[PDB]
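> Sharing data_5.cif, mmCIF, N, CA and C atoms:
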```cif
data_input
loop_
_atom_site.group_PDB
_atom_site.id
_atom_site.type_symbol
_atom_site.label_atom_id
_atom_site.label_comp_id
_atom_site.auth_asym_id
_atom_site.auth_seq_id
_atom_site.Cartn_x
_atom_site.Cartn_y
_atom_site.Cartn_z
ATOM 1 N N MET A 1 6.748 10.212 65.248
ATOM 2 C CA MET A 1 5.310 10.472 65.435
ATOM 3 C C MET A 1 4.548 10.126 64.142
ATOM 4 N N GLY A 2 3.643 9.124 64.218
ATOM 5 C CA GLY A 2 2.792 8.739 63.078
ATOM 6 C C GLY A 2 2.441 7.249 63.076
ATOM 7 N N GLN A 3 1.219 6.937 62.602
ATOM 8 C CA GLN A 3 0.747 5.553 62.392
ATOM 9 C C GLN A 3 1.502 4.915 61.210
ATOM 10 N N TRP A 4 1.819 3.618 61.324
ATOM 11 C CA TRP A 4 2.563 2.877 60.291
ATOM 12 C C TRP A 4 1.587 2.061 59.425
ATOM 13 N N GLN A 5 1.665 2.257 58.103
ATOM 14 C CA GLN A 5 0.816 1.569 57.118
ATOM 15 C C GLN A 5 1.700 0.841 56.088
ATOM 16 N N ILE A 6 1.676 -0.503 56.102
ATOM 17 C CA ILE A 6 2.457 -1.345 55.172
ATOM 18 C C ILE A 6 1.571 -1.749 53.977
ATOM 19 N N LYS A 7 1.871 -1.208 52.784
ATOM 20 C CA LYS A 7 1.162 -1.561 51.542
ATOM 21 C C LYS A 7 1.954 -2.628 50.778
ATOM 22 N N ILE A 8 1.406 -3.846 50.766
ATOM 23 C CA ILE A 8 1.970 -5.007 50.074
ATOM 24 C C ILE A 8 1.252 -5.185 48.731
ATOM 25 N N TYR A 9 2.025 -5.292 47.655
ATOM 26 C CA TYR A 9 1.521 -5.607 46.318
ATOM 27 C C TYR A 9 2.167 -6.928 45.908
ATOM 28 N N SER A 10 1.380 -8.007 45.935
ATOM 29 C CA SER A 10 1.824 -9.347 45.530
ATOM 30 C C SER A 10 0.674 -10.052 44.789
ATOM 31 N N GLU A 11 0.978 -10.504 43.574
ATOM 32 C CA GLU A 11 -0.004 -11.020 42.610
ATOM 33 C C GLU A 11 -0.366 -12.488 42.902
ATOM 34 N N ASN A 12 0.641 -13.280 43.322
ATOM 35 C CA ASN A 12 0.469 -14.724 43.620
ATOM 36 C C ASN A 12 -0.359 -14.921 44.919
ATOM 37 N N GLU A 13 -1.101 -16.044 44.952
ATOM 38 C CA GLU A 13 -2.096 -16.376 45.987
ATOM 39 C C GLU A 13 -1.441 -16.645 47.355
ATOM 40 N N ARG A 14 -0.371 -17.470 47.339
ATOM 41 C CA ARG A 14 0.396 -17.874 48.539
ATOM 42 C C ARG A 14 0.901 -16.658 49.336
ATOM 43 N N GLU A 15 1.257 -15.598 48.602
ATOM 44 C CA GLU A 15 1.916 -14.417 49.156
ATOM 45 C C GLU A 15 0.984 -13.677 50.141
ATOM 46 N N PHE A 16 -0.228 -13.358 49.653
ATOM 47 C CA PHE A 16 -1.243 -12.641 50.433
ATOM 48 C C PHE A 16 -1.794 -13.522 51.551
ATOM 49 N N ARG A 17 -2.181 -14.771 51.207
ATOM 50 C CA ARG A 17 -2.770 -15.724 52.175
ATOM 51 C C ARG A 17 -1.857 -15.952 53.390
ATOM 52 N N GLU A 18 -0.516 -15.940 53.166
ATOM 53 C CA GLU A 18 0.472 -16.016 54.258
ATOM 54 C C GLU A 18 0.212 -14.898 55.279
ATOM 55 N N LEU A 19 0.317 -13.635 54.816
ATOM 56 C CA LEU A 19 0.198 -12.446 55.682
ATOM 57 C C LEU A 19 -1.191 -12.359 56.341
ATOM 58 N N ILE A 20 -2.269 -12.545 55.542
ATOM 59 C CA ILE A 20 -3.685 -12.488 56.004
ATOM 60 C C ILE A 20 -3.885 -13.315 57.296
ATOM 61 N N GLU A 21 -3.429 -14.585 57.236
ATOM 62 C CA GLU A 21 -3.526 -15.535 58.351
ATOM 63 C C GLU A 21 -2.641 -15.075 59.522
ATOM 64 N N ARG A 22 -1.368 -14.688 59.213
ATOM 65 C CA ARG A 22 -0.369 -14.291 60.245
ATOM 66 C C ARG A 22 -0.885 -13.128 61.097
ATOM 67 N N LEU A 23 -1.434 -12.094 60.432
ATOM 68 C CA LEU A 23 -1.883 -10.835 61.074
ATOM 69 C C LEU A 23 -2.974 -11.100 62.130
ATOM 70 N N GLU A 24 -3.834 -12.095 61.846
ATOM 71 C CA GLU A 24 -4.887 -12.549 62.768
ATOM 72 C C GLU A 24 -4.291 -13.387 63.921
ATOM 73 N N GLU A 25 -3.237 -14.169 63.610
ATOM 74 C CA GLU A 25 -2.608 -15.098 64.575
ATOM 75 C C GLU A 25 -1.545 -14.404 65.453
ATOM 76 N N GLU A 26 -1.059 -13.212 65.029
ATOM 77 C CA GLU A 26 -0.064 -12.446 65.807
ATOM 78 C C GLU A 26 -0.785 -11.752 66.960
ATOM 79 N N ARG A 27 -0.453 -12.173 68.190
ATOM 80 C CA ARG A 27 -1.034 -11.609 69.426
ATOM 81 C C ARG A 27 -0.617 -10.134 69.597
ATOM 82 N N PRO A 28 -1.573 -9.167 69.861
ATOM 83 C CA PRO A 28 -3.042 -9.417 70.028
ATOM 84 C C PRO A 28 -3.739 -9.736 68.688
ATOM 85 N N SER A 29 -3.744 -8.749 67.778
ATOM 86 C CA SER A 29 -4.267 -8.882 66.413
ATOM 87 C C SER A 29 -3.930 -7.604 65.639
ATOM 88 N N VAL A 30 -3.564 -7.763 64.364
ATOM 89 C CA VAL A 30 -3.149 -6.654 63.496
ATOM 90 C C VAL A 30 -4.301 -6.265 62.559
ATOM 91 N N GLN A 31 -4.563 -4.942 62.436
ATOM 92 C CA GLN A 31 -5.548 -4.415 61.475
ATOM 93 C C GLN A 31 -4.987 -4.506 60.050
ATOM 94 N N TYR A 32 -5.859 -4.826 59.094
ATOM 95 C CA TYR A 32 -5.500 -4.926 57.677
ATOM 96 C C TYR A 32 -6.758 -4.846 56.802
ATOM 97 N N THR A 33 -6.543 -4.660 55.493
ATOM 98 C CA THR A 33 -7.600 -4.666 54.483
ATOM 99 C C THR A 33 -6.994 -5.038 53.119
ATOM 100 N N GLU A 34 -7.649 -5.939 52.393
ATOM 101 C CA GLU A 34 -7.214 -6.370 51.054
ATOM 102 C C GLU A 34 -8.244 -5.885 50.027
ATOM 103 N N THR A 35 -7.752 -5.285 48.939
ATOM 104 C CA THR A 35 -8.586 -4.728 47.869
ATOM 105 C C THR A 35 -7.877 -4.898 46.517
ATOM 106 N N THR A 36 -8.507 -5.636 45.592
ATOM 107 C CA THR A 36 -8.006 -5.790 44.229
ATOM 108 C C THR A 36 -8.421 -4.563 43.393
ATOM 109 N N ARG A 37 -7.468 -3.647 43.203
ATOM 110 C CA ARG A 37 -7.674 -2.389 42.472
ATOM 111 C C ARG A 37 -6.608 -2.264 41.379
ATOM 112 N N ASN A 38 -7.032 -1.807 40.178
ATOM 113 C CA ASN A 38 -6.151 -1.599 38.998
ATOM 114 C C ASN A 38 -5.648 -2.943 38.426
ATOM 115 N N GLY A 39 -6.392 -4.031 38.711
ATOM 116 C CA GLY A 39 -6.049 -5.374 38.224
ATOM 117 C C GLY A 39 -5.222 -6.183 39.216
ATOM 118 N N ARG A 40 -4.603 -5.502 40.202
ATOM 119 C CA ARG A 40 -3.746 -6.135 41.224
ATOM 120 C C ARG A 40 -4.337 -5.937 42.622
ATOM 121 N N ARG A 41 -4.152 -6.945 43.475
ATOM 122 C CA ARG A 41 -4.560 -6.885 44.883
ATOM 123 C C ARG A 41 -3.487 -6.185 45.730
ATOM 124 N N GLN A 42 -3.952 -5.383 46.700
ATOM 125 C CA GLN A 42 -3.092 -4.645 47.634
ATOM 126 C C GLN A 42 -3.558 -4.898 49.078
ATOM 127 N N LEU A 43 -2.606 -5.277 49.937
ATOM 128 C CA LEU A 43 -2.843 -5.523 51.356
ATOM 129 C C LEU A 43 -2.361 -4.275 52.106
ATOM 130 N N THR A 44 -3.311 -3.485 52.594
ATOM 131 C CA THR A 44 -3.043 -2.252 53.316
ATOM 132 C C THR A 44 -3.171 -2.551 54.820
ATOM 133 N N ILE A 45 -2.013 -2.655 55.479
ATOM 134 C CA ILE A 45 -1.890 -3.097 56.877
ATOM 135 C C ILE A 45 -1.704 -1.878 57.778
ATOM 136 N N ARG A 46 -2.505 -1.793 58.845
ATOM 137 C CA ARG A 46 -2.516 -0.653 59.769
ATOM 138 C C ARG A 46 -2.110 -1.152 61.166
ATOM 139 N N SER A 47 -0.969 -0.668 61.664
ATOM 140 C CA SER A 47 -0.399 -1.097 62.953
ATOM 141 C C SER A 47 -0.423 0.064 63.952
ATOM 142 N N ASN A 48 -0.609 -0.272 65.236
ATOM 143 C CA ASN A 48 -0.620 0.713 66.333
ATOM 144 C C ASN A 48 0.774 0.813 66.974
ATOM 145 N N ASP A 49 1.513 -0.317 66.988
ATOM 146 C CA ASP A 49 2.788 -0.458 67.728
ATOM 147 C C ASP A 49 3.973 -0.680 66.767
ATOM 148 N N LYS A 50 5.151 -0.155 67.165
ATOM 149 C CA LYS A 50 6.395 -0.208 66.379
ATOM 150 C C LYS A 50 6.925 -1.652 66.258
ATOM 151 N N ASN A 51 7.021 -2.371 67.391
ATOM 152 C CA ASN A 51 7.544 -3.771 67.411
ATOM 153 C C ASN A 51 6.619 -4.695 66.591
ATOM 154 N N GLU A 52 5.325 -4.318 66.561
ATOM 155 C CA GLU A 52 4.292 -4.978 65.757
ATOM 156 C C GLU A 52 4.563 -4.781 64.255
ATOM 157 N N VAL A 53 4.731 -3.508 63.819
ATOM 158 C CA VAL A 53 4.931 -3.176 62.391
ATOM 159 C C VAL A 53 6.249 -3.767 61.863
ATOM 160 N N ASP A 54 7.257 -3.863 62.752
ATOM 161 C CA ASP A 54 8.568 -4.452 62.425
ATOM 162 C C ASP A 54 8.440 -5.961 62.163
ATOM 163 N N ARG A 55 7.572 -6.634 62.945
ATOM 164 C CA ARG A 55 7.267 -8.068 62.755
ATOM 165 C C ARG A 55 6.629 -8.312 61.376
ATOM 166 N N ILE A 56 5.672 -7.449 61.013
ATOM 167 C CA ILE A 56 4.911 -7.548 59.750
ATOM 168 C C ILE A 56 5.831 -7.258 58.544
ATOM 169 N N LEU A 57 6.678 -6.232 58.733
ATOM 170 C CA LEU A 57 7.627 -5.716 57.732
ATOM 171 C C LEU A 57 8.597 -6.826 57.297
ATOM 172 N N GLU A 58 9.172 -7.533 58.288
ATOM 173 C CA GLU A 58 10.092 -8.645 58.015
ATOM 174 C C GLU A 58 9.313 -9.866 57.495
ATOM 175 N N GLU A 59 8.098 -10.111 58.052
ATOM 176 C CA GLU A 59 7.253 -11.278 57.695
ATOM 177 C C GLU A 59 6.962 -11.330 56.198
ATOM 178 N N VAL A 60 6.620 -10.178 55.609
ATOM 179 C CA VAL A 60 6.336 -10.114 54.173
ATOM 180 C C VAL A 60 7.636 -10.273 53.348
ATOM 181 N N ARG A 61 8.759 -9.734 53.846
ATOM 182 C CA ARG A 61 10.057 -9.818 53.138
ATOM 183 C C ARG A 61 10.658 -11.247 53.197
ATOM 184 N N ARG A 62 10.316 -12.009 54.250
ATOM 185 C CA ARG A 62 10.898 -13.342 54.513
ATOM 186 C C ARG A 62 10.009 -14.459 53.932
ATOM 187 N N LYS A 63 8.678 -14.339 54.128
ATOM 188 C CA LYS A 63 7.694 -15.337 53.632
ATOM 189 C C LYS A 63 7.426 -15.143 52.133
ATOM 190 N N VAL A 64 7.343 -13.866 51.712
ATOM 191 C CA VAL A 64 6.971 -13.479 50.339
ATOM 192 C C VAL A 64 8.200 -12.924 49.579
ATOM 193 N N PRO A 65 8.794 -13.710 48.627
ATOM 194 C CA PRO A 65 9.868 -13.213 47.734
ATOM 195 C C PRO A 65 9.322 -12.412 46.523
ATOM 196 N N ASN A 66 7.982 -12.279 46.425
ATOM 197 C CA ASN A 66 7.296 -11.529 45.336
ATOM 198 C C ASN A 66 6.667 -10.226 45.883
ATOM 199 N N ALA A 67 7.226 -9.711 46.985
ATOM 200 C CA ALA A 67 6.657 -8.570 47.718
ATOM 201 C C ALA A 67 7.156 -7.217 47.180
ATOM 202 N N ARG A 68 6.243 -6.438 46.581
ATOM 203 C CA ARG A 68 6.463 -5.013 46.319
ATOM 204 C C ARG A 68 5.820 -4.249 47.485
ATOM 205 N N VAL A 69 6.636 -3.798 48.443
ATOM 206 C CA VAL A 69 6.155 -3.230 49.712
ATOM 207 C C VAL A 69 6.640 -1.788 49.853
ATOM 208 N N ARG A 70 5.739 -0.905 50.297
ATOM 209 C CA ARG A 70 6.061 0.467 50.662
ATOM 210 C C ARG A 70 5.345 0.787 51.975
ATOM 211 N N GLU A 71 6.152 0.945 53.033
ATOM 212 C CA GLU A 71 5.689 1.347 54.356
ATOM 213 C C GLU A 71 5.521 2.875 54.336
ATOM 214 N N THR A 72 4.268 3.324 54.338
ATOM 215 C CA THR A 72 3.915 4.738 54.379
ATOM 216 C C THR A 72 3.521 5.087 55.819
ATOM 217 N N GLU A 73 4.355 5.899 56.479
ATOM 218 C CA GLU A 73 4.142 6.294 57.873
ATOM 219 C C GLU A 73 3.255 7.558 57.886
ATOM 220 N N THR A 74 1.966 7.343 58.144
ATOM 221 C CA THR A 74 0.946 8.388 58.129
ATOM 222 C C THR A 74 0.974 9.200 59.444
ATOM 223 N N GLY A 75 1.595 10.380 59.368
ATOM 224 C CA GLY A 75 1.653 11.333 60.475
ATOM 225 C C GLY A 75 2.353 12.600 60.019
ATOM 226 N N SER A 76 3.680 12.627 60.170
ATOM 227 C CA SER A 76 4.534 13.654 59.566
ATOM 228 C C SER A 76 4.885 13.235 58.119
ATOM 229 N N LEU A 77 4.034 13.646 57.161
ATOM 230 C CA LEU A 77 4.254 13.386 55.714
ATOM 231 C C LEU A 77 3.789 14.597 54.871
ATOM 232 N N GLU A 78 3.760 15.778 55.521
ATOM 233 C CA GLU A 78 3.359 17.053 54.887
ATOM 234 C C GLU A 78 4.462 17.539 53.914
ATOM 235 N N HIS A 79 4.052 18.300 52.878
ATOM 236 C CA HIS A 79 4.957 18.806 51.823
ATOM 237 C C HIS A 79 5.416 20.231 52.193
ATOM 238 N N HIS A 80 6.741 20.378 52.394
ATOM 239 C CA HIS A 80 7.430 21.595 52.880
ATOM 240 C C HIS A 80 6.735 22.214 54.126
ATOM 241 N N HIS A 81 7.182 21.779 55.320
ATOM 242 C CA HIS A 81 6.690 22.295 56.607
ATOM 243 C C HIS A 81 6.995 23.796 56.719
ATOM 244 N N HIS A 82 5.959 24.579 57.046
ATOM 245 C CA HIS A 82 6.070 26.034 57.185
ATOM 246 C C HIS A 82 6.786 26.385 58.497
ATOM 247 N N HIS A 83 8.116 26.529 58.404
ATOM 248 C CA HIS A 83 8.953 27.061 59.497
ATOM 249 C C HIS A 83 8.718 28.580 59.614
ATOM 250 N N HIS A 84 8.268 29.188 58.497
ATOM 251 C CA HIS A 84 7.778 30.574 58.446
ATOM 252 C C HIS A 84 6.382 30.570 57.779
#
```
What is this file in structure tokens?

Amino acid sequence: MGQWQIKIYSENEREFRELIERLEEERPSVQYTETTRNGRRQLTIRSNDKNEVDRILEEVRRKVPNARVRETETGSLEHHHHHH
């Protein structure tokens, strides 16, 4: 249970431009946002579907050898769940 968010950190131009184009061309269409913060650009990708996020996840690892990626699954990410 939770939305999947892929944060890509890649400094080179080819790396980001690959994913940017792919996300628009992948049927139907993938949500994303690029923002150059702290001197480096970050591609924050927001997916609705699992098979979709898996396509994006491999796409950055296969197309981009300069990929610092952390998939943050926004849903169940609370600190120490209160069982009591």
> Which residue is closest to residue 57 in chain A? Choose from A:6, A:78, A:18, A:73 and count all atoms listed in the file.
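Comparing A:6, A:78, A:18, A:73 against residue 57 in chain A, the winner is A:6.
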> Could you give me, as a VMD selection string, the residues within 12 Å of residue 13 in chain A, counting only C-alpha atoms and dropping anything in the same chain fewer than 5 positions from it?
chain A and resid 18 to 20 40 to 42 64 66 to 67
> In Å, how far is it from atom N of residue 2 in chain A to atom C of residue 80 in chain A?
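Those two atoms sit 16.8 Å apart.
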> Identify all residues satisfying the PyMOL selection byres ((chain A and resi 33) around 6.5) in the given file; provide them as a PyMOL selection string.
chain A and resi 31-32+34-35+42-46
> With all atoms of range 1-6 of chain A from the file as input, state the centre and edge lengths in Å to one decimal of the axis-aligned box that has 4 Å extra on each side, as JSON.

```
{"center_x": 3.7, "center_y": 4.4, "center_z": 59.7, "size_x": 14.0, "size_y": 20.2, "size_z": 19.5}
```
> Go through A:50, A:56, A:23, A:39 and flag the residue nearest residue 11 in chain A, using all atoms listed in the file for the distances.
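Distance minimum relative to residue 11 in chain A lands on A:39.
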> For the helix (DSSP H, G or I) assignment from backbone DSSP, which residues of chain A qualify? Please present them as a list in words.
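Across chain A, those assigned helix (DSSP H, G or I) are residues 13, 14, 15, 16, 17, 18, 19, 20, 21, 22, 23, 24, 25, 50, 51, 52, 53, 54, 55, 56, 57, 58, 59, 60, 61, 62 and 63 of chain A.
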> Using only C-alpha atoms, which protein or nucleic acid residues come within 7 Å of residue 47 in chain A? Drop anything in the same chain fewer than 6 positions from it, and give the result as a list in words.
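Close residues of residue 47 in chain A: residues 3, 4, 5, 30, 31 and 53 of chain A.
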> Provide the CA of residue 12 in chain A to CA of residue 60 in chain A distance in Å, to one decimal place.
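So the answer is 12.9 Å.
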> Could you check how far atom C of residue 75 in chain A sits from atom N of residue 1 in chain A, in Å to one decimal?
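Spanning atom C of residue 75 in chain A to atom N of residue 1 in chain A is a straight-line distance of 7.2 Å.
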> Taking only N, CA and C atoms into account, name the residue in A:29, A:7, A:54, A:48 that is nearest to residue 69 in chain A.
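The answer is A:7, which sits nearest to residue 69 in chain A.
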> Because the input lacks atoms here, generate N, CA, C and O atoms for range 56-80 of chain A and report them as a short mmCIF file (atom, residue, chain, number, x, y, z; two decimals), in the coordinates of the input.

```cif
data_model
loop_
_atom_site.label_atom_id
_atom_site.label_comp_id
_atom_site.auth_asym_id
_atom_site.auth_seq_id
_atom_site.Cartn_x
_atom_site.Cartn_y
_atom_site.Cartn_z
N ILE A 56 5.67 -7.45 61.01
CA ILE A 56 4.91 -7.55 59.75
C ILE A 56 5.83 -7.26 58.54
O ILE A 56 5.77 -7.94 57.51
N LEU A 57 6.68 -6.23 58.73
CA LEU A 57 7.63 -5.72 57.73
C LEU A 57 8.60 -6.83 57.30
O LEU A 57 8.79 -7.06 56.10
N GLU A 58 9.17 -7.53 58.29
CA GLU A 58 10.09 -8.64 58.02
C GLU A 58 9.31 -9.87 57.50
O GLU A 58 9.79 -10.53 56.59
N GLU A 59 8.10 -10.11 58.05
CA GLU A 59 7.25 -11.28 57.70
C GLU A 59 6.96 -11.33 56.20
O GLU A 59 7.07 -12.39 55.58
N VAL A 60 6.62 -10.18 55.61
CA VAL A 60 6.34 -10.11 54.17
C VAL A 60 7.64 -10.27 53.35
O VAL A 60 7.63 -10.92 52.32
N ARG A 61 8.76 -9.73 53.85
CA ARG A 61 10.06 -9.82 53.14
C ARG A 61 10.66 -11.25 53.20
O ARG A 61 11.40 -11.65 52.30
N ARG A 62 10.32 -12.01 54.25
CA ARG A 62 10.90 -13.34 54.51
C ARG A 62 10.01 -14.46 53.93
O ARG A 62 10.52 -15.41 53.33
N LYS A 63 8.68 -14.34 54.13
CA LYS A 63 7.69 -15.34 53.63
C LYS A 63 7.43 -15.14 52.13
O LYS A 63 7.29 -16.12 51.39
N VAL A 64 7.34 -13.87 51.71
CA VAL A 64 6.97 -13.48 50.34
C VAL A 64 8.20 -12.92 49.58
O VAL A 64 8.64 -11.81 49.86
N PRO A 65 8.79 -13.71 48.63
CA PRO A 65 9.87 -13.21 47.73
C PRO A 65 9.32 -12.41 46.52
O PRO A 65 10.11 -11.92 45.70
N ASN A 66 7.98 -12.28 46.42
CA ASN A 66 7.30 -11.53 45.34
C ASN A 66 6.67 -10.23 45.88
O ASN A 66 5.72 -9.68 45.30
N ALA A 67 7.23 -9.71 46.98
CA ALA A 67 6.66 -8.57 47.72
C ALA A 67 7.16 -7.22 47.18
O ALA A 67 8.35 -6.90 47.28
N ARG A 68 6.24 -6.44 46.58
CA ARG A 68 6.46 -5.01 46.32
C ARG A 68 5.82 -4.25 47.48
O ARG A 68 4.60 -4.11 47.54
N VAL A 69 6.64 -3.80 48.44
CA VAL A 69 6.16 -3.23 49.71
C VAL A 69 6.64 -1.79 49.85
O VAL A 69 7.79 -1.48 49.54
N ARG A 70 5.74 -0.90 50.30
CA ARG A 70 6.06 0.47 50.66
C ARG A 70 5.34 0.79 51.98
O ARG A 70 4.11 0.84 52.03
N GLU A 71 6.15 0.94 53.03
CA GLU A 71 5.69 1.35 54.36
C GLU A 71 5.52 2.88 54.34
O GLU A 71 6.51 3.61 54.27
N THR A 72 4.27 3.32 54.34
CA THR A 72 3.92 4.74 54.38
C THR A 72 3.52 5.09 55.82
O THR A 72 2.51 4.60 56.34
N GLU A 73 4.36 5.90 56.48
CA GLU A 73 4.14 6.29 57.87
C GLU A 73 3.26 7.56 57.89
O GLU A 73 3.72 8.68 57.62
N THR A 74 1.97 7.34 58.14
CA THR A 74 0.95 8.39 58.13
C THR A 74 0.97 9.20 59.44
O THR A 74 0.50 8.75 60.49
N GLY A 75 1.60 10.38 59.37
CA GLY A 75 1.65 11.33 60.48
C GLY A 75 2.35 12.60 60.02
O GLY A 75 1.71 13.52 59.51
N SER A 76 3.68 12.63 60.17
CA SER A 76 4.53 13.65 59.57
C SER A 76 4.88 13.24 58.12
O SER A 76 5.85 12.50 57.89
N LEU A 77 4.03 13.65 57.16
CA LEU A 77 4.25 13.39 55.71
C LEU A 77 3.79 14.60 54.87
O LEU A 77 3.53 14.48 53.66
N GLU A 78 3.76 15.78 55.52
CA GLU A 78 3.36 17.05 54.89
C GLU A 78 4.46 17.54 53.91
O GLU A 78 5.65 17.23 54.10
N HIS A 79 4.05 18.30 52.88
CA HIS A 79 4.96 18.81 51.82
C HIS A 79 5.42 20.23 52.19
O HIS A 79 4.59 21.14 52.30
N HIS A 80 6.74 20.38 52.39
CA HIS A 80 7.43 21.60 52.88
C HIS A 80 6.74 22.21 54.13
O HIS A 80 5.79 23.00 54.01
#
```
